[PDB]
Amino acid sequence: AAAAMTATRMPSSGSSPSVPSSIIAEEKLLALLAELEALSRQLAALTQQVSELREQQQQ
Amino acid sequence: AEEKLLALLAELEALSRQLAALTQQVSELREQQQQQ
């Protein structure tokens, strides 16, 4: 009634960026698709000359 | 610094296949010189 009455008396907000580091970029990209063919070409050339041992030993 | 490993890994495997081609192919000389 008196004394104190003179003054006065959720779910999901879904953030995303959190506490990780900063990020950067560059545009000098992508030789790498050539080596996948270099590697599998030269791999064949190994077997090709293993065959050239065998095809001369068989003579 | 991630993509720089993705190069280096393909680089070391290219060196391995190239050294395999060398160290295999020299054995044709070792046969042909024995055959002569």
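Residues numbered from 1 in each chain as written, not as in the entry; some residues may be left out. Chains lettered and ligands numbered in written order. Part of a larger assembly, values for the part shown. Heavy atoms only, no water.

- In its metadata, the entry names cryo-EM as the structure determination method and reports 3.3 Å as the resolution.

### As for the pattern of salt bridges
All names here are of chain B.
Piece 1. Tallied over the full model, the rule gives two salt bridges over all chains.
Piece 2. Its salt-bridge partner being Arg-17, residue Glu-13 comes within 2.8 Å of it at the nearest N-O pair. Of this pair, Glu-13 and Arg-17 both sit in helix 1 (residues 3-34), separated by four residues, roughly a single helical turn. (Salt bridge = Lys/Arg side-chain N within 4 Å of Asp/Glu carboxyl O. Helix = DSSP H or I, 4+ residues; strand = E, 2+ residues; numbered from the N terminus.)

### Observations regarding the layout of surface pockets
Piece 1. Volume-wise, the largest pocket comes out at about 320 Å³.
Piece 2. In terms of lining residues, the largest pocket is bounded by 15 residues, among which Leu-30 and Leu-32 of chain A together with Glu-3, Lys-4 and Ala-7 of chain B are the most central.
Piece 3. Tallied by class, the residues present in the lining of the largest pocket amount to eight nonpolar, no polar and seven charged. (1 Å grid on protein atoms, 1.4 Å probe; cavity = no way out; pocket = protein on both sides within 12 Å on 5 of 7 lines; lining within 4 Å. Points joined across faces, edges and corners; volume = space filled by probe spheres on them. Nonpolar A, V, L, I, M, F, W, Y, C, P; charged D, E, K, R; others polar.)

### Details of the side chain of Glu-31 of chain B
Piece 1. Structurally, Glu-31 of chain B can be placed in helix 1.
Piece 2. No salt bridge is formed by the buried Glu-31 of chain B, whose closest oppositely charged neighbour, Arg-30 of chain B, lies at an N-O distance of 9.5 Å.
Piece 3. With sequence-adjacent residues up to four places away left out, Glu-31 of chain B is seen in contact with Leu-53, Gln-56 and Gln-57 of chain A. (Buried < 20%, exposed > 50% of the residue type's maximum accessible area, 1.4 Å probe, protein only. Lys, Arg positive; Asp, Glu negative; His and termini not counted. Contact = heavy atoms within 4.5 Å.)

### A short note on helix 1 of chain B
Three- or four-residue spacings in an α-helix give side chains the same orientation, since the helix completes a turn every 3.6 residues.
Piece 1. In a regular helix each residue adds 1.5 Å, so 32 residues correspond to 46 Å; helix 1 of chain B covers 47 Å between its end C-alpha atoms and thus fits that length.
Piece 2. Inspection of helix 1 of chain B places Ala-10, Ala-14, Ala-21, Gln-24, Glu-28 and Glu-31 of chain B among the buried residues, and these make up the whole buried set.
Piece 3. Buried residues along helix 1 of chain B sit in contact with helix 1 (33-57) of chain A. (Expected span 1.5 Å × (residues − 1).)

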